[PDB]
Structure formats: C-alpha cells, structure tokens
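A.B. asks: First the structure, which I've put down as structure tokens, then a few questions once you've had a look.
Read-outs throughout are calculated quantities, based only on the coordinates presented, and are distinct from any laboratory measurement. As a convention, Cβ positions derive from the backbone with ideal geometry for all residues, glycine included, and neighbour counts pool all protein chains shown.
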Ligand SMILES: *[C@@H]1O[C@H](CO)[C@@H](O[C@@H]2O[C@H](CO)[C@@H](O)[C@H](O)[C@@H]2O)[C@H](O)[C@H]1NC(C)=O
Ligand SMILES: *[C@@H]1O[C@H](CO)[C@@H](O)[C@H](O)[C@H]1NC(C)=O
C-alpha cells in the first residue's frame with residue numbers, strides 16, 4: 001500500500017507512515033519499483 | 001596499460017539498469033544471489049553500456 | 001500453483017525507461033598474483 | 001567502544017552489513033581494539049619492569 005499509492009504527499013508536508021507488527025519481505029519492494037537510487041546507510045540491502 | 005596479468009577473464013551478459021548497480025562483489029538481488037555473483041575480493045573492471 | 005519455473009522470461013521492448021533499458025554488461029577479471037604473466041600493454045625491451 | 005563505526009558488536013554488524021561494505025568498519029574495530037591492546041601490553045610492560 002505504501003508503494004501502490006497515487007497521491008504521494010509533497011515534500012513540504014511529507015506523508016509519514018508507521019510499519020509494525022508484520023513480516024518484512026523486501027522482494028515486493030524490489031519488484032514494485034524501477035529503482036534509480038537505493039543508497040542504504042545503516043543496513044546493507046543484501047542481508048535486509 | 002603498464003601492468004601484467006596471469007590470465008584475463010571476460011564475462012559478457014545483459015542485465016537491467018538497476019542490475020548495473022546490482023552487479024558488484026557481495027550484493028543484493030535474485031540475480032546477484034542465483035544467476036551470477038563476483039567474489040568479495042574482486043580485482044578487475046566492470047563495463048556497462 | 002506452488003510449482004514455479006526456476007527462470008522467467010527477460011522480455012524487452014524499445015519503449016523502456018532507463019531502469020528497464022537493455023543494458024549490456026561485460027566484466028574484465030584479472031589475477032594480480034605472482035605467476036608468469038601472459039598479457040601486457042605497450043612494452044620496451046631494453047637490454048638487462 | 002564503537003570506535004567510530006556502526007556498532008561495537010562484531011556479530012551484529014556482520015548480520016546487519018554485507019562483507020564488502022562491512023569490512024571497513026571491521027578494520028576500524030580491528031585497529032581500535034588492537035591499539036587498545038597495544039596500550040594495555042605497553043602499560044603492563046611498564047608495570048612489570
Ligand atoms: C499516507 O499514505 C497512506 C497510504 O496507505 C495513507 O494510509 C491510508 O489512509 C487512508 C485514508 O486516507 C485509509 O483509508 C487507508 O486504509 C490507509 O490507512 C495515509 O493516510 C497517508 N497519510 C497522510 C498524512 O496523508
Ligand atoms: C498498484 O500498482 C500496480 C502496478 O504497479 C498498478 O497496476 C495499480 O494500478 C496500482 N494501484 C493503485 C491504486 O495505484
């Protein structure tokens with residue numbers, strides 16, 4: 001639902017959502033976007 | 001142009017734009033984990049066009 | 001159902017964004033280890 | 001002591017970062033702990049003398 005939205009809020013008032021009490025499998029993230037910049041800082045995407 | 005190499009290897013394949021950043025030693029992705037992965041101590045060059 | 005093919009088609013079309021364009025990748029792997037070498041660049045053979 | 005790295009736990013930083021990016025923080029921890037051990041053995045040599 002976060003990546004399926006159509007009206008992403010503006011950067012002046014950036015929409016912020018909380019994700020908890022679930023299982024994070026980033027395959028849906030990988031296949032839900034033609035990534036242009038995946039610059040991770042605190043955690044490597046490999047073991048994510 | 002001033003070095004010496006024991007043996008040179010050239011692997012030619014076609015991947016996507018995000019896969020260009022994906023192809024690197026020890027990286028993420030189904031491609032980098034099941035199709036082709038470079039060694040962690042890779043010593044060479046990667047050419048993408 | 002629950003029996004998926006290991007490899008799926010990597011289809012293409014000329015109308016793709018940069019994240020989906022048909023990028024051609026060639027890698028050049030060397031071994032900078034102590035062994036009789038086989039390839040060099042420009043050379044001179046001044047007498048020892 | 002984090003020693004200027006992501007974390008001071010070797011196992012946690014290994015499980016949170018890939019080898020070919022985590023080895024930098026690994027070297028940071030290596031050199032910090034190694035300098036600490038060198039200081040300890042130098043002070044112990046002073047005390048033993
Ligand atoms: C940020 O974008 C979220 C996208 O999922 C919004 O969550 C949705 O909000 C609608 C109501 O607008 C709910 O019906 C839906 O179930 C989901 O929770 C979220 O509201 C939005 N936040 C802001 C501040 O725009
Ligand atoms: C969600 O994404 C899919 C594919 O990316 C798209 O076909 C669909 O229209 C999207 N849904 C909404 C509500 O935007």
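A.B. asks: Can you find a residue that is assigned to a loop (DSSP other than H, G, I, E, B), out of contact with any strand residue (DSSP E or B) (no Cβ under 7 Å at 6 or more places or on another chain) and more than 16 Å from ligand 1 (Cβ to nearest atom) anywhere in region A:5-23?
C.D. replies: yes
A.B. asks: Determine whether residue B:31 is under 14 Å from residue A:46 (Cα atoms) and within 7 Å of chain C (Cβ to nearest Cβ).
C.D. replies: Criteria not met by residue B:31.
A.B. asks: Within region A:4-42, take every residue that is more than 14 Å from every other protein chain (Cβ to nearest Cβ) and surrounded by 10 or more Cβ atoms within 10 Å (Cβ to Cβ) and give me the one that is nearest to ligand 2 (Cβ to nearest atom).
C.D. replies: This residue is A:5.
A.B. asks: Which residue, of D:1, D:15, is closer than 27 Å to residue A:43 by Cβ and outside any loop (DSSP other than H, G, I, E, B)?
C.D. replies: Going through D:1, D:15 in turn, just one is closer than 27 Å to residue A:43 by Cβ and outside any loop (DSSP other than H, G, I, E, B): D:15.
A.B. asks: Give the residues of region B:1-20 that are assigned to a helix (DSSP H, G or I) and more than 10 Å from the chain's Cα centre (by Cα), sorted by residue number.
C.D. replies: The answer is B:17, B:18, B:19.
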